Amino acid sequence: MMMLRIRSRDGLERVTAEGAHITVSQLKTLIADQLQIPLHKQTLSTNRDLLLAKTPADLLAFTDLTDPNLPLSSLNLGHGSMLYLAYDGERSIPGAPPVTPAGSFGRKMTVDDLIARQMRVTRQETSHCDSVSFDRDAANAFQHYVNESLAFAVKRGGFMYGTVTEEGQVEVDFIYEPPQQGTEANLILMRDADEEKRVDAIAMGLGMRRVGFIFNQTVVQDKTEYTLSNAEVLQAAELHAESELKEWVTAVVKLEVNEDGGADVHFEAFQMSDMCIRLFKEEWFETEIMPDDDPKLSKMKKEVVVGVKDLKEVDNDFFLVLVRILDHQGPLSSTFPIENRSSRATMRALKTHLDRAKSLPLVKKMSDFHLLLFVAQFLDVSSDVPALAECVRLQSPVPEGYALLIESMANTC
Amino acid sequence: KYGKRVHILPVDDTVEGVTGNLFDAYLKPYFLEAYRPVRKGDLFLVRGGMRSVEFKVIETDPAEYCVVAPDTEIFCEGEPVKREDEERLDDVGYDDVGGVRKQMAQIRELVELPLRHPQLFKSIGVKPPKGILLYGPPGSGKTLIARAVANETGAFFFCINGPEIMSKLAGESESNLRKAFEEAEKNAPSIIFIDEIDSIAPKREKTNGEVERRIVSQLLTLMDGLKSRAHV
Amino acid sequence: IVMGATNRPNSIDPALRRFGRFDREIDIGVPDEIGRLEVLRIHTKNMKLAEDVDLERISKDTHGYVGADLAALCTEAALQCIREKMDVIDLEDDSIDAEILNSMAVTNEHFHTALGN
Ligand SMILES: Nc1ncnc2c1ncn2[C@@H]1O[C@H](COP(=O)(O)OP(=O)(O)NP(=O)(O)O)[C@@H](O)[C@H]1O
Ligand SMILES: [Mg+2]
């Protein structure tokens with residue numbers, strides 16, 4: 001009986017053998033039968049550098065104990081002796097006592113720490129964006145499409161793009177509608193990677209960026225007692241989390257009914273509170289909303305404090321901040337129909353739009369985001385699209401090549 | 001399990017007016033192939049000359065402990081740890097409470113035994129007592145004893161304060177207490193130290209206040225509900 | 001049916017004792033010797049206890065005790081029994097010996113000490 005210590009990369013173990021009279025082959029067999037280490041991986045040595053190798057050939061290079069024929073008695077091994085065993089892979093040596101992590105002493109919680117750590121809900125008073133200015137042409141076109149082509153029966157949505165000022169004021173320049181499917185109480189945006197890249201390239205060339213998202217509420221949704229539904233709030237929060245801008249604006253298109261019975265379409269722009277974006281980025285919101293779920297109150301996987309009332313379900317009005325709405329005539333028009341709509345944009349529509357604005361200058365003809373994106377469907381997103389967008393923004397004379405290509409593709413070759 | 005993604009960084013008080021580089025004259029020469037066992041957080045002192053430079057082990061891989069082998073690839077990673085790390089000098093232990101050896105014994109028998117040995121109480125069949133009410137002359141070591149017996153046992157701690165709850169406006173104390181209790185129960189075992197309980201639950205005759213009565217009633221209703229036997 | 005509860009019936013609103021509202025008043029007083037003996041027999045049904053337990057002596061010695069105080073007395077007796085065995089149990093080892101865990105039993109002396117305390 002002899003006890004031999006076995007040092008490895010994972011640490012240290014010990015083995016009890018009959019004695020030093022056996023050879024390295026018997027020691028390897030005992031190691032295989034006790035520590036369950038396969039024979040083809042075991043490599044024995046007396047040098048401490050054996051575990052510093054990174055190849056089985058390097059391990060076998062240490063032949064002082066690699067050979068199984070060598071007797072163990074010739075190595076003067078005794079009780080408590082040291083041996084080094086190397087094997088392929090990394091293992092967890094058993095017998096490890098529990099070890100506390102560093103710094104885990106004095107977990108003194110407090111009421112204030114509870115308030116800070118636990119998510120709460122409040123309606124922010126002043127948003128980062130003091131006021132958002134909407135393009136009059138784009139707003140008119142969007143309102144016309146919502147009121148006439150949809151009659152406030154199918155939900156429509158689009159990303160808002162524009163410039164952001166130092167004080168936070170945003171001038172809306174255009175709206176981009178990705179491919180999407182709309183219904184009464186939901187709107188699933190089948191966003192396209194290439195189309196979104198083209199839109200971003202246009203915005204970079206146009207010296208602007210994403211500033212918010214717009215959608216319309218149907219007649220039934222307007223009659224309901226909320227400003228936004230849970231699905232709309234979730235979509236807006238998701239898009240804000242995707243965005244890196246603090247001046248995000250969620251715009252609602254609502255068919256209000258006056259006291260005289262008339263139907264007036266209103267754009268209500270609100271900025272979501274940073275509490276909502278903090279909720280979404282921490283995965284508290286439930287992206288799964290059932291039809292039985294109440295659209296009045298938002299869905300959260302964990303209970304939060306809604307101001308003074310402790311309810312897991314949170315009213316959507318606690319997330320919105322009133323932002324003053326402004327109207328301006330920017331350098332971009334939106335007479336061209338927005339892409340991905342029910343009326344799919346085609347070459348005939350492009351020709352009709354060009355003929356309608358024939359009296360306007362060529363730069364003014366192409367001063368429409370939807371037209372620019374339709375051209376971008378046939379232009380290089382990396383070079384041609386940013387250059388064309390920059391030319392549109394600066395109102396500079398368009399290069400002859402771009403105009404010739406646009407005319408050729410708009411006149412059926 | 002010799003570490004791979006270890007992190008070794010020095011301390012501010014020893015790098016003030018440092019002689020210069022520590023990677024090639026203080027760290028590598030005395031810890032490459034040295035096979036010195038290292039545990040995360042240890043403040044170890046090394047010399048690469050006349051100046052002695054303390055070092056704090058910020059991170060190790062494996063996280064708990066390892067050995068400084070040549071496989072360790074980290075250098076002196078710039079940031080020196082300030083003395084503020086020792087400002088929270090492991091809060092309070094047991095040697096920092098002295099002079100009372102029977103009151104602390106009773107508190108230990110009432111707290112540390114139920115939270116670390118339910119087998120005895122289950123075998124006997126007795127229901128251990130929950131409520132404990134320290135009292136004495138002001139400034140005699142009550143909060144210190146509570147911190148000593150709650151930090152040494154390693155259980156979840158929750159330090160409610162009297163004026164801290166009272167300072168909040170009406171309609172929030174009733175919510176703060178309930179949230180505190182529901183959070184403490186969720187992390188069994190748990191200790192709820194309610195300092196200056198005389199402020200939030202005074203004698204009813206001595207107050208005659210509506211909000212005081214309401215908060216007292218809320219506290220009583222919550223306290224009667226601790227019968228979940230969830231080690232609170 | 002409405003069943004009130006109080007401590008001093010004088011302190012209640014005097015208008016609540018009129019005919020029809022609260023017309024029956026029952027006085028749950030302090031138990032006598034047999035009451036204390038029965039309370040102790042009810043409370044010490046689950047506890048392990050040696051055959052030496054003299055509940056009659058404990059009932060006679062306790063005067064002015066109510067049910068809650070007798071429950072507290074039984075709990076104190078159990079805690080004293082654990083504390084006397086504490087001198088051999090080590091807190092650092094959560095693996096308390098099974099035979100040790102089953103060799104602990106409350107006797108009359110622990111009850112007397114708890115009564116004194
Ligand atoms: N028995 C004690 N042993 C050691 N230090 C003590 C003791 N009693 C008091 N101290 C010291 O007293 C100082 C502050 O006393 P502290 O215990 O915080 O007051 P308190 O009695 O908890 N106050 P209050 O809750 O207002 O009654 C600390 O620095 C403690 O170290
Ligand atoms: Mg105190």
# chains A, B, ... in the order shown; residues from 1 in each chain; ligands from 1
>>> residues_near_ligand(ligand="ligand 2", cutoff="7 Å", atoms="only C-alpha atoms and all ligand atoms", output="list in words")
residues 142, 143, 195 and 196 of chain B
>>> select_by_dssp(residues="region 16-99 of chain B", states="helix (DSSP H, G or I)", output="list in words")
residues 23, 24, 25, 26, 27, 28, 29, 30, 31, 84, 85, 86 and 87 of chain B
>>> write_last_selection(atoms="N, CA and C atoms", output="PDB file, in the first residue's frame")
ATOM      1  N   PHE B  23       4.578  45.984 -14.737  1.00  0.00           N
ATOM      2  CA  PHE B  23       4.370  44.742 -15.473  1.00  0.00           C
ATOM      3  C   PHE B  23       5.663  43.941 -15.581  1.00  0.00           C
ATOM      4  N   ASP B  24       6.741  44.581 -16.025  1.00  0.00           N
ATOM      5  CA  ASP B  24       7.992  43.890 -16.307  1.00  0.00           C
ATOM      6  C   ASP B  24       8.976  43.923 -15.145  1.00  0.00           C
ATOM      7  N   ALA B  25       8.626  44.564 -14.030  1.00  0.00           N
ATOM      8  CA  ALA B  25       9.523  44.656 -12.888  1.00  0.00           C
ATOM      9  C   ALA B  25       8.867  44.330 -11.555  1.00  0.00           C
ATOM     10  N   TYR B  26       7.539  44.251 -11.489  1.00  0.00           N
ATOM     11  CA  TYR B  26       6.855  43.976 -10.233  1.00  0.00           C
ATOM     12  C   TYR B  26       5.896  42.802 -10.380  1.00  0.00           C
ATOM     13  N   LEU B  27       5.265  42.678 -11.548  1.00  0.00           N
ATOM     14  CA  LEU B  27       4.248  41.653 -11.763  1.00  0.00           C
ATOM     15  C   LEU B  27       4.833  40.390 -12.391  1.00  0.00           C
ATOM     16  N   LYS B  28       5.401  40.515 -13.595  1.00  0.00           N
ATOM     17  CA  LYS B  28       5.893  39.330 -14.298  1.00  0.00           C
ATOM     18  C   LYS B  28       7.057  38.650 -13.584  1.00  0.00           C
ATOM     19  N   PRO B  29       8.116  39.351 -13.155  1.00  0.00           N
ATOM     20  CA  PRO B  29       9.265  38.631 -12.575  1.00  0.00           C
ATOM     21  C   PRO B  29       8.923  37.787 -11.359  1.00  0.00           C
ATOM     22  N   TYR B  30       7.987  38.229 -10.521  1.00  0.00           N
ATOM     23  CA  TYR B  30       7.682  37.545  -9.274  1.00  0.00           C
ATOM     24  C   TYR B  30       6.408  36.714  -9.330  1.00  0.00           C
ATOM     25  N   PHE B  31       5.722  36.674 -10.473  1.00  0.00           N
ATOM     26  CA  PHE B  31       4.496  35.899 -10.597  1.00  0.00           C
ATOM     27  C   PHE B  31       4.403  35.099 -11.889  1.00  0.00           C
ATOM     28  N   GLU B  84     -11.048  53.579  -1.011  1.00  0.00           N
ATOM     29  CA  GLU B  84     -12.473  53.479  -0.712  1.00  0.00           C
ATOM     30  C   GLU B  84     -12.924  52.029  -0.584  1.00  0.00           C
ATOM     31  N   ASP B  85     -12.205  51.096  -1.215  1.00  0.00           N
ATOM     32  CA  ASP B  85     -12.533  49.683  -1.057  1.00  0.00           C
ATOM     33  C   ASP B  85     -12.445  49.252   0.400  1.00  0.00           C
ATOM     34  N   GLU B  86     -11.479  49.790   1.144  1.00  0.00           N
ATOM     35  CA  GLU B  86     -11.371  49.539   2.574  1.00  0.00           C
ATOM     36  C   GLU B  86     -12.223  50.488   3.405  1.00  0.00           C
ATOM     37  N   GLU B  87     -12.863  51.478   2.777  1.00  0.00           N
ATOM     38  CA  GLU B  87     -13.808  52.321   3.501  1.00  0.00           C
ATOM     39  C   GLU B  87     -14.970  51.493   4.032  1.00  0.00           C
TER      40      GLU B  87
END
>>> closest_atom_pairs(of="chain B", to="ligand 1", cutoff="9 Å", atoms="only C-alpha atoms and all ligand atoms", output="tab-separated table")
residue	atom	partner	partner_atom_place_in_ligand_line	distance
B:92	CA	ligand 1	31 (O)	9.0
B:95	CA	ligand 1	4 (C)	8.3
B:96	CA	ligand 1	4 (C)	5.5
B:97	CA	ligand 1	3 (N)	4.0
B:98	CA	ligand 1	3 (N)	4.1
B:99	CA	ligand 1	1 (N)	5.1
B:100	CA	ligand 1	1 (N)	6.1
B:135	CA	ligand 1	27 (O)	8.2
B:136	CA	ligand 1	27 (O)	7.7
B:137	CA	ligand 1	27 (O)	7.0
B:138	CA	ligand 1	27 (O)	4.0
B:139	CA	ligand 1	21 (O)	3.2
B:140	CA	ligand 1	21 (O)	4.1
B:141	CA	ligand 1	17 (O)	3.2
B:142	CA	ligand 1	22 (O)	4.3
B:143	CA	ligand 1	22 (O)	3.7
B:144	CA	ligand 1	17 (O)	4.3
B:145	CA	ligand 1	17 (O)	7.1
B:146	CA	ligand 1	22 (O)	8.6
B:195	CA	ligand 1	25 (O)	6.4
B:196	CA	ligand 1	25 (O)	6.2
>>> closest_residue(among="B:37, B:124, B:220, B:75", to="residue 50 (chain C)", atoms="only C-alpha atoms")
B:124
>>> residues_around(residues="residue 111 (chain C)", least_positions_apart="3", cutoff="12 Å", atoms="only C-alpha atoms", output="PDB file with C-alpha atoms, in the first residue's frame")
ATOM      1  CA  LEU C  40     -50.752  21.943  28.743  1.00  0.00           C
ATOM      2  CA  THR C  44     -47.537  19.220  24.534  1.00  0.00           C
ATOM      3  CA  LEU C  49     -40.993  14.355  26.032  1.00  0.00           C
ATOM      4  CA  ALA C  50     -39.739  11.776  28.505  1.00  0.00           C
ATOM      5  CA  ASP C  52     -40.843  11.893  33.791  1.00  0.00           C
ATOM      6  CA  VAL C  53     -43.007  14.878  32.778  1.00  0.00           C
ATOM      7  CA  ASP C  54     -45.175  15.891  35.745  1.00  0.00           C
ATOM      8  CA  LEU C  55     -47.869  18.066  34.186  1.00  0.00           C
ATOM      9  CA  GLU C  56     -49.887  18.172  37.420  1.00  0.00           C
ATOM     10  CA  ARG C  57     -47.045  19.876  39.298  1.00  0.00           C
ATOM     11  CA  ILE C  58     -46.592  22.388  36.473  1.00  0.00           C
ATOM     12  CA  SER C  59     -50.326  23.114  36.466  1.00  0.00           C
ATOM     13  CA  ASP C  61     -47.274  25.847  40.271  1.00  0.00           C
ATOM     14  CA  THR C  62     -48.537  28.121  37.479  1.00  0.00           C
ATOM     15  CA  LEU C  70     -48.629  28.286  28.777  1.00  0.00           C
ATOM     16  CA  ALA C  72     -44.853  30.239  25.682  1.00  0.00           C
ATOM     17  CA  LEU C  73     -43.830  28.094  28.664  1.00  0.00           C
ATOM     18  CA  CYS C  74     -43.846  24.927  26.546  1.00  0.00           C
ATOM     19  CA  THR C  75     -41.788  26.676  23.858  1.00  0.00           C
ATOM     20  CA  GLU C  76     -39.330  27.869  26.512  1.00  0.00           C
ATOM     21  CA  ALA C  77     -39.006  24.323  27.843  1.00  0.00           C
ATOM     22  CA  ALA C  78     -38.201  23.008  24.368  1.00  0.00           C
ATOM     23  CA  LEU C  79     -35.660  25.790  23.789  1.00  0.00           C
ATOM     24  CA  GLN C  80     -34.003  25.057  27.140  1.00  0.00           C
ATOM     25  CA  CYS C  81     -33.777  21.376  26.214  1.00  0.00           C
ATOM     26  CA  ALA C 105     -36.188  14.616  24.892  1.00  0.00           C
ATOM     27  CA  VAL C 106     -37.756  17.126  27.270  1.00  0.00           C
ATOM     28  CA  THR C 107     -37.952  16.119  30.940  1.00  0.00           C
ATOM     29  CA  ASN C 108     -39.427  17.600  34.113  1.00  0.00           C
ATOM     30  CA  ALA C 114     -38.484  27.243  31.955  1.00  0.00           C
ATOM     31  CA  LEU C 115     -41.170  27.941  34.557  1.00  0.00           C
ATOM     32  CA  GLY C 116     -38.567  29.687  36.697  1.00  0.00           C
ATOM     33  CA  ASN C 117     -37.449  31.798  33.736  1.00  0.00           C
TER      34      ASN C 117
END
>>> closest_atom_pairs(of="chain A", to="chain B", cutoff="9 Å", atoms="only C-alpha atoms", output="Markdown table")
| residue | atom | partner | partner_atom | distance |
| --- | --- | --- | --- | --- |
| A:8 | CA | B:1 | CA | 8.3 |
| A:9 | CA | B:1 | CA | 5.8 |
| A:10 | CA | B:1 | CA | 4.2 |
| A:11 | CA | B:1 | CA | 5.3 |
| A:52 | CA | B:71 | CA | 8.5 |
| A:92 | CA | B:1 | CA | 8.7 |
| A:99 | CA | B:64 | CA | 7.3 |
| A:100 | CA | B:64 | CA | 7.9 |
| A:101 | CA | B:64 | CA | 6.3 |
| A:102 | CA | B:41 | CA | 5.9 |
| A:103 | CA | B:41 | CA | 7.5 |
| A:104 | CA | B:154 | CA | 8.7 |
| A:105 | CA | B:90 | CA | 6.4 |
| A:106 | CA | B:151 | CA | 5.2 |
| A:107 | CA | B:157 | CA | 6.2 |
| A:108 | CA | B:157 | CA | 5.4 |
| A:109 | CA | B:158 | CA | 4.8 |
| A:110 | CA | B:159 | CA | 5.3 |
| A:111 | CA | B:160 | CA | 6.3 |
| A:112 | CA | B:164 | CA | 8.9 |
| A:114 | CA | B:180 | CA | 7.6 |
| A:115 | CA | B:176 | CA | 8.7 |
| A:308 | CA | B:172 | CA | 6.9 |
| A:309 | CA | B:175 | CA | 8.4 |
| A:310 | CA | B:175 | CA | 8.1 |
>>> interface_residues(of="chain B", to="chain C", cutoff="12 Å", atoms="only C-alpha atoms", output="ChimeraX atom specification")
/B:105-106,108-110,112-129,153
>>> atom_distance(atom1="CA of residue 9 (chain C)", atom2="CA of residue 221 (chain B)")
23.4 Å
